[PDB]
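Report on one structure; see the data block that follows.
And the structure:
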């Protein structure tokens, strides 16, 4: 009944938190930082 | 003013890419996939 | 595809702050 394609929410809310710290910390390279952020998040989930 | 800069671009093309990878593979957990993409970015050139 | 449209607007929001931080 009425089919189509959509996008899962949460992606924007996630980058939003990242976009913030990126400016507050103002690191030299965001690459390594991006890896240090998400990688650290896993520590939160058990 | 010759001393008022604090907004280096680059985060645009980078984030957009993540939007095309997460939507193409559509992994079950983005948290882990996030650490996989960026972490590999460190070996793309620098 | 549609992703090129939803991923193009999502970026417009993040850049709206990173670029508007060194001005206002």
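Chains as they are written, first to last, in the deposited numbering: chain B, 1 to 46; chain A, 1 to 46; chain C, 1 to 24. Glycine included, C-beta positions come from ideal geometry on N, C-alpha and C.
- Cα atoms of residue 11/B and residue 19/A: separation of roughly 9 Å, rounded to the nearest angstrom.
- The residues 33, in chain order, have a CB closer than 8 Å to that of residue 27/B in the same chain once the five nearest residues on each side in sequence are set aside.
- Annotation: the continuous alpha helix (DSSP H) that includes residue 9/C extends over 3 to 18.
- The alpha-carbon separation between residue 45/A and residue 2/A amounts to approximately 32 Å.
- Taking the Cβ atoms as the reference, residue 31/B lies roughly 18 Å from residue 30/A, outside the contact range of under 8 Å.
- Burial check for residue 2/C: the Cβ neighbour count within 10 Å stays below 16, so the residue is exposed.
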